[PDB]
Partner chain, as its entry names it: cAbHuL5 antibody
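Quick heads-up: it's one chain on its own, the form solved without the partner chain, in structure tokens.
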């Protein structure tokens, strides 16, 4: 599913992401925008280390979800990576909450540091009613 900007903003708000572990909704929006363009079926295989990024938040198979073909993988979210490809993002959000509970927080995604950190991220939620 390809989410519309404001549709996603309201959905994440309802799922309790606004201010989760100190992370504002606009930051989560900036993350999803740059990671997948708000698309839930987005996947990216990393030939270099044999892992794959799944879904709207592009969660990696080495630490977070199990896809069976990633060497030395752990499944911290206790989810099949398949779960991160659903139209309903409830599982993806539960796993993203798990990711940020680690010391790095939102910094775990390098794309966040490149395109969101120290930037005006208000634009991602403007006019959405959140």
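Numbering follows the first chain given and starts at 1.
Annotation for 6-14 versus 110-118: the higher mean temperature factor (C-alpha) is found in 110-118. Mean CA B-factor, 69-77 versus 34-42: the higher value falls on 69-77. The entry lists C-alpha B-factors for 27, 104, 58, 82, and the highest of these is at 104.
In the deposited entry, the Cα temperature factor of residue 63 places it in the highest third of its chain's modelled residues. Per-chain ranking of the deposited C-alpha B factor places residue 47 in the highest third.
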